[PDB]
Amino acid sequence: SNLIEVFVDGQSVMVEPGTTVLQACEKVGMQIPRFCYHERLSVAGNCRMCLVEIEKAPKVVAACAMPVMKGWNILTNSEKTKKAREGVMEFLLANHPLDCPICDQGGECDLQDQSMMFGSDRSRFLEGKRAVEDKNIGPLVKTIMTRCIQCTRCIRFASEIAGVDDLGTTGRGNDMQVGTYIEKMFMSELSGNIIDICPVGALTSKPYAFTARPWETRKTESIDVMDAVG
Amino acid sequence: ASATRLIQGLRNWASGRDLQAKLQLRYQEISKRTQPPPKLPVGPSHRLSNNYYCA
Ligand code: SF4
Ligand code: SF4
Ligand code: FES
Ligand SMILES: [K+]
């Protein structure tokens, strides 16, 4: 056995080598908040929400990418961890548009939920927000790039799962836009699943748009009959 | 406070008190129906520095 010992909030647990801090905390039972991390996509680490503190160390580490070693104690509820989370989400919400009432993601938005959970209660931003030019990628996915937070799940999904390699980031700095750089339709077998893995309301479902709200819909678990995959 | 003095005197004698000092019907002494617009103040958490929610 190659299992090594780590500590989450003082609680000992066994992990495999190469395990990230996020997976060890999940094995203990703590869900570290995340935006760009996905269990089925490659690790990107460009949102800095998962910054957790290792004790006896003068820096916060990215739990979605840091591999654990022996003797580590992970503090998921300390003071500087919460300070880092609040600062990161204040930066995230600094340029976010006030589009919540006219958003299809409202009520099932990850940004709203962790803003209520780990975020602050007021905004100190007294400047002007940015406005990204919209794009068209087909009659299935409605695109509003003013709401995108540049999490790069688009690029990783279109490069590692769909295998299209037609989505990317053009720009450098605060004006970097996630798009296609040309009038190209993102037509694929799995072109709708980006709507599933967009944490904000930047990519919505065009047939579903402006129809219902997530809190008033009953969910029934069923089986697809459209093909033989089941 | 519109009745003649005879009625006020008979009323004060029958009641045993003085009713003209304290009338139960409101008059021009009440506040005006229109008011200047207010400016409600802010609370103790409306600050730009040292306002961490975790504390
Ligand atoms: S994506 Fe979320 S935070 Fe942004 S406007 Fe929509 S509901 Fe609001
Ligand atoms: S549109 Fe959504 S999924 Fe795509 S990069 Fe932006 S936030 Fe991420
Ligand atoms: S979830 Fe780790 S940096 Fe985004
Ligand atoms: K979405």
# chains A, B, ... in the order shown; residues from 1 in each chain; ligands from 1
>>> residues_near_ligand(ligand="ligand 1", cutoff="8 Å", atoms="only C-alpha atoms and all ligand atoms", output="PyMOL selection string")
chain A and resi 93+96-112+147-148+199-202
>>> closest_atom_pairs(of="chain A", to="ligand 2", cutoff="8 Å", atoms="only C-alpha atoms and all ligand atoms", output="Markdown table")
| residue | atom | partner | partner_atom_place_in_ligand_line | distance |
| --- | --- | --- | --- | --- |
| A:36 | CA | ligand 2 | 8 (Fe) | 7.3 |
| A:143 | CA | ligand 2 | 1 (S) | 7.7 |
| A:145 | CA | ligand 2 | 1 (S) | 6.6 |
| A:147 | CA | ligand 2 | 7 (S) | 7.5 |
| A:148 | CA | ligand 2 | 6 (Fe) | 4.0 |
| A:149 | CA | ligand 2 | 7 (S) | 4.7 |
| A:150 | CA | ligand 2 | 5 (S) | 4.5 |
| A:151 | CA | ligand 2 | 8 (Fe) | 4.0 |
| A:152 | CA | ligand 2 | 5 (S) | 3.9 |
| A:153 | CA | ligand 2 | 3 (S) | 4.6 |
| A:154 | CA | ligand 2 | 4 (Fe) | 4.2 |
| A:155 | CA | ligand 2 | 5 (S) | 7.1 |
| A:178 | CA | ligand 2 | 5 (S) | 6.0 |
| A:194 | CA | ligand 2 | 3 (S) | 6.2 |
| A:195 | CA | ligand 2 | 3 (S) | 7.4 |
| A:197 | CA | ligand 2 | 3 (S) | 5.7 |
| A:198 | CA | ligand 2 | 3 (S) | 3.6 |
| A:199 | CA | ligand 2 | 7 (S) | 5.7 |
| A:200 | CA | ligand 2 | 7 (S) | 5.5 |
| A:201 | CA | ligand 2 | 2 (Fe) | 7.1 |
| A:202 | CA | ligand 2 | 1 (S) | 4.9 |
| A:203 | CA | ligand 2 | 1 (S) | 5.4 |
>>> interface_residues(of="chain B", to="chain A", cutoff="10 Å", atoms="only C-alpha atoms", output="PDB file with C-alpha atoms, in the first residue's frame")
ATOM      1  CA  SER B  45     -20.991  48.199   8.032  1.00  0.00           C
ATOM      2  CA  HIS B  46     -21.047  50.814   5.235  1.00  0.00           C
ATOM      3  CA  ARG B  47     -17.281  51.244   5.109  1.00  0.00           C
ATOM      4  CA  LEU B  48     -14.626  50.874   2.430  1.00  0.00           C
ATOM      5  CA  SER B  49     -11.796  49.661   4.695  1.00  0.00           C
ATOM      6  CA  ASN B  51     -15.024  45.516   6.455  1.00  0.00           C
ATOM      7  CA  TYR B  52     -14.273  41.816   6.081  1.00  0.00           C
ATOM      8  CA  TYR B  53     -17.402  39.684   6.359  1.00  0.00           C
ATOM      9  CA  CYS B  54     -15.580  36.788   8.038  1.00  0.00           C
ATOM     10  CA  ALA B  55     -14.818  39.011  11.049  1.00  0.00           C
TER      11      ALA B  55
END
>>> residues_near_ligand(ligand="ligand 3", cutoff="6 Å", atoms="only C-alpha atoms and all ligand atoms", output="PyMOL selection string")
chain A and resi 34-37+45-50+62-64
>>> write_last_selection(atoms="C-alpha atoms", output="PDB file, in the first residue's frame")
ATOM      1  CA  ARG A  34     -14.487  26.018  -7.270  1.00  0.00           C
ATOM      2  CA  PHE A  35     -15.237  27.740 -10.569  1.00  0.00           C
ATOM      3  CA  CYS A  36     -12.779  26.525 -13.214  1.00  0.00           C
ATOM      4  CA  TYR A  37     -12.172  23.066 -11.748  1.00  0.00           C
ATOM      5  CA  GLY A  45      -6.455  26.756 -12.137  1.00  0.00           C
ATOM      6  CA  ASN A  46      -7.203  30.249 -13.469  1.00  0.00           C
ATOM      7  CA  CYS A  47      -9.917  31.395 -11.034  1.00  0.00           C
ATOM      8  CA  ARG A  48      -8.098  31.180  -7.647  1.00  0.00           C
ATOM      9  CA  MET A  49     -11.301  30.481  -5.691  1.00  0.00           C
ATOM     10  CA  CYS A  50     -10.038  27.149  -4.310  1.00  0.00           C
ATOM     11  CA  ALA A  62      -4.652  26.185  -5.096  1.00  0.00           C
ATOM     12  CA  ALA A  63      -6.479  23.088  -3.862  1.00  0.00           C
ATOM     13  CA  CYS A  64      -7.596  22.148  -7.387  1.00  0.00           C
TER      14      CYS A  64
END
>>> atom_distance(atom1="atom CA of residue A:205", atom2="atom CA of residue A:180")
18.5 Å
>>> atom_distance(atom1="atom CA of residue B:14", atom2="atom CA of residue B:2")
18.3 Å
>>> atom_distance(atom1="atom CA of residue A:14", atom2="atom CA of residue A:59")
24.1 Å
>>> select_by_dssp(residues="chain A", states="strand (DSSP E or B)", output="PyMOL selection string")
chain A and resi 4-8+11-15+20+51-54+60-62+67+73-75+141-143+168-170+177-179+203-205
>>> select_by_dssp(residues="chain B", states="alpha helix (DSSP H)", output="count of residues only")
11
>>> closest_residue(among="A:206, A:219, A:129, A:184", to="ligand 4", atoms="only C-alpha atoms and all ligand atoms")
A:206
>>> closest_residue(among="A:4, A:65, A:162, A:167", to="residue A:185", atoms="only C-alpha atoms")
A:167
